[PDB]
2 protein chains.
Amino acid sequence: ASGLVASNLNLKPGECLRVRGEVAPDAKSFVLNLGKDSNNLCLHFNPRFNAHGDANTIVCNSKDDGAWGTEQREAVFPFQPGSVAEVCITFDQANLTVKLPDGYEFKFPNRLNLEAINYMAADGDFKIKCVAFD
Amino acid sequence: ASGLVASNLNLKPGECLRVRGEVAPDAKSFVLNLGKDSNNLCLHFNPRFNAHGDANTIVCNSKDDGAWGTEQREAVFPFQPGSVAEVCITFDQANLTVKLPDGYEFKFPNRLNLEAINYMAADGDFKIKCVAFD
Ligand SMILES: CC(=O)N[C@@H]1[C@@H](O)[C@H](O[C@@H]2O[C@H](CO)[C@H](O)[C@H](O)[C@H]2O)[C@@H](CO)O[C@@H]1O
Ligand SMILES: CC(=O)N[C@@H]1[C@@H](O)[C@H](O[C@@H]2O[C@H](CO)[C@H](O)[C@H](O)[C@H]2O)[C@@H](CO)O[C@@H]1O
C-alpha cells in the first residue's frame, strides 16, 4: 500500500522539482524520498505530526549505500493531516534546497554528491497528485 | 535519460492522467505506456512523426503478457516538433479515453480488462514537464 514511485527522473542541478500531494487524514507522518534508488537517498523528507516520539517536526536525513546519516530537524512545520501540500526541491553539488507550502525554504547537505536525482517515492500517507519539472 | 517511469499509480476508473511534455525539435516518435507493468499495457500511446512506415500517425496498441495487440491509428496528429504537447488519458473499465492537445478525443478498448492503472512510462522524443494524477 505504498505511495507513488518514480524512476529515471533525471532531475539535474538547478531544476525545480515540484511535488503536490494529499496528506492522509489519519497520517501520523508522511515521507517523500529522493535519490538514486531506495537504498541511496539524497533526501528523506519526513514531516512527523505525532510519530517516532516526535511532534510537528520535519525530519530530514540521507541514506548512503543503505546507511542512514545524521538527521536534521527543521524550524517550521507548515503541514496538516488531511490536506494538500506542495514542496519544491532543487539541488546543487553541495546542498538540496527545499521550499515548503508556507514559502519557507531550507537546505539539506547533498551527502551523496548527486549530480542528478533519478528516484522519488512517497509513502502511504502522501498521495502524489502532481509532479512538475521546471 | 530515457523516459520517466512511475509505478504504484493506482489510477482507478473515472480518474484522469494529464501528461505535459516537450516534443523534440527533430522528434521521430515518442511513447507513453500505461498499464499494470512493462509487459502488460492497457495503452501504448505512440505518436509517430516518421517511424515504422508511418508519417504523422498516432498509433495505439495494447500489450498482453509481452504480446502486442491489434494496432489502432487515429485520423489526426496534433503534435509538432519543438512544441509543448499535453495529453489527457481517462481510465474506464470498458475503454480508455485520450484527449489530444487540440481537444480531439478518441477511445481505446481496455482489452486487458485492467481494474486500475499502476504503471506509466515515457520514452522517445518527448521530455515530460509535468504529470497530474487526478
Ligand atoms: C533525533 C532522532 O534521533 N530522531 C529519531 C528519528 O530519526 C527516528 O526515525 C528514523 O529515521 C531514520 C532516518 O534517520 C529512518 O527513516 C528510520 O526509518 C526512522 O524510523 C525515530 C524512530 O526510529 O526515533 C527518533 O525520533
Ligand atoms: C501497419 C503495421 O502493422 N505496422 C507494424 C509496426 O507498427 C510495428 O512496429 C511496432 O509497433 C508497436 C505497436 O504495435 C510498438 O510501437 C513498437 O515499438 C513498434 O516497433 C512492426 C513491428 O512489430 O510491425 C508492423 O510494421
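Residues numbered from 1 in each chain as written, not as in the entry; some residues may be left out. Chains lettered and ligands numbered in written order. Heavy atoms only, no water.

As deposited, the entry is annotated with X-ray crystallography as its determination method and 1.80 Å as its resolution.

(A) Region of interest: the sheet that holds strand β10 (residues 105–109) of chain A. With antiparallel pairing, the 10 strands of this open sheet are ordered in space as β10(A)-β9(A)-β8(A)-β2(A)-β12(A)-β12(B)-β2(B)-β8(B)-β9(B)-β10(B). Strands with a single pairing partner mark the edges of an open sheet, and in this sheet they are β10 of chain A together with β10 (105–109) of chain B. Adjacent strand axes in the sheet meet at a mean angle of 25°, parallel and antiparallel pairs treated alike. Direction of pairing for strand β8 (residues 84–91) of chain B relative to strand β9 (residues 95–99) of chain B: antiparallel, over a ladder of four bridges. Opposite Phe91 of chain B, over in β9 of chain B, you have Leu96 of chain B as the bridge partner. (Pairing = 2+ DSSP bridges. Helix = DSSP H or I, 4+ residues; strand = E, 2+ residues; numbered from the N terminus. Axes fitted to C-alpha atoms, helices over the stretch in contact; angles between N-to-C directions.)

(B) Structural view of the UniProt feature "binding site: a beta-D-galactoside" in chain A. All names here are of chain A. Cross-referencing UniProt, the feature "binding site: a beta-D-galactoside" maps to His44, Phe45, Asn46, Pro47, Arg48, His52, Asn61, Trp68, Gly69, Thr70 and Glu71 in the present numbering. Looking at where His44 falls in the secondary structure, it is placed in strand β4 (residues 40–51). Every residue in contact with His44, bar those within four places of it in the chain, is listed here: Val31, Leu32, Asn33, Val59, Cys60, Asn61 and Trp68. Here the side chain of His44 touches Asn33 through a polar contact of 2.6 Å, side chain to side chain. With respect to the secondary-structure elements, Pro47 resides in strand β4. (UniProt positions renumbered as here; feature names shortened; annotations may be inferred. Contact = heavy atoms within 4.5 Å. Polar contact = N/O pair within 3.5 Å; in protein donor to acceptor, adjacent residues only side chain to side chain.)

(C) Broad picture of the packing of aromatic side chains. According to the stated counting rule, one finds 14 aromatic pairs over all chains in the structure shown. Here the aromatic rings of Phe49 of chain A and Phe77 of chain A are separated by 5.3 Å at their centres, their planes lie at 90°, and the arrangement is edge-to-face. Of the two residues, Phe49 of chain A sits in strand β4 while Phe77 of chain A sits in the loop between β7 (72–73) and β8 (83–91), which places them 28 residues apart along the sequence. Comparing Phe49 of chain A with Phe77 of chain A shows no difference in burial state: the two are buried. Through pairs of rings, three or more aromatic residues link up here, namely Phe30, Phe45, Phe49, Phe77, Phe79, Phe106 and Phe126 of chain B. (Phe/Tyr/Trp six-rings, centres within 6.5 Å; stacked < 30°, edge-to-face > 60°. Buried < 20%, exposed > 50% of the residue type's maximum accessible area, 1.4 Å probe, protein only.)

(D) Main features of the site of ligand 2. Residues and elements named next belong to chain B. All residues adjacent to ligand 2 are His44, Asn46, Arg48, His52, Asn61, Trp68, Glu71 and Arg73. A distance of 2.7 Å separates an oxygen atom of ligand 2 from a polar atom in the side chain of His44. Contacts to ligand 2 include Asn61, whose side-chain N or O atom sits 2.9 Å from an oxygen atom. Against a free-state accessible area of 560 Å², the protein chains account for coverage of 51% of ligand 2. Classifying every residue of the shell around ligand 2 gives one nonpolar, four polar and three charged. (Near = heavy atom within 4 Å. Areas by Shrake-Rupley, 256 points an atom, 1.4 Å probe, with all protein chains shown as cover. Nonpolar A, V, L, I, M, F, W, Y, C, P; charged D, E, K, R; others polar.)

(E) Looking closely at the nonpolar core. Membership of the largest hydrophobic core comes to 75 residues, with the highest contact counts inside it found for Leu43, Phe45, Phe79 and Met120 of chain A together with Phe45, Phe79 and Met120 of chain B. Setting aside its immediate chain neighbours within four residues, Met120 of chain A contacts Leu4, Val5, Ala6, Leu9, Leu17, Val19, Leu32, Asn33, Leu34, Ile128 and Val131 of chain A. (Core = buried A, V, L, I, M, F, W, Y, C linked by side-chain atoms within 4.5 Å.)

(F) Highlighting the UniProt feature "domain: Galectin" in chain A. Mapped onto the present numbering, the UniProt feature "domain: Galectin" falls on residues 3–134 of chain A. Taken end to end, residues 3–134 of chain A is 0% helix and 56% strand, and its first and last C-alpha atoms sit 23 Å apart.

(G) Local environment of the interface of chain A and chain B. Of the residues lining the interface, 15 residues belong to chain A; the matching set on chain B comes to 15 residues. Together, the buried faces of chain A and chain B total about 1,200 Å²; carbon and sulfur atoms form 43% of this surface. Three residues stand out in chain A for area buried against chain B, namely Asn8, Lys129 and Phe133 of chain A, and they jointly supply 41% of the buried area on that side. The tally of links from chain A across to chain B stands at one salt bridge. Residues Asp134 of chain B and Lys129 of chain A are paired through a salt bridge, measuring 3.5 Å at the closest nitrogen-oxygen approach. At the junction of chain A and chain B, the tally comes to nine residue pairs in polar contact. Sorting the residues of the side of chain A that touches chain B by element identifies β1 (5–7) and β12 (126–133) of chain A as the ones contributing at least two each. It is β12 of chain A that provides the largest number of residues to the side of chain A that touches chain B, a total of six residues. Residue composition of the side of chain A that touches chain B, grouped by class: nine nonpolar, five polar and one charged. Here β1 of chain A runs beside strand β1 (residues 5–11) of chain B; their pairing, made up of three bridges, is antiparallel. (Buried area = accessible area lost by both parts, 1.4 Å probe. Salt bridge = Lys/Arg side-chain N within 4 Å of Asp/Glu carboxyl O.)

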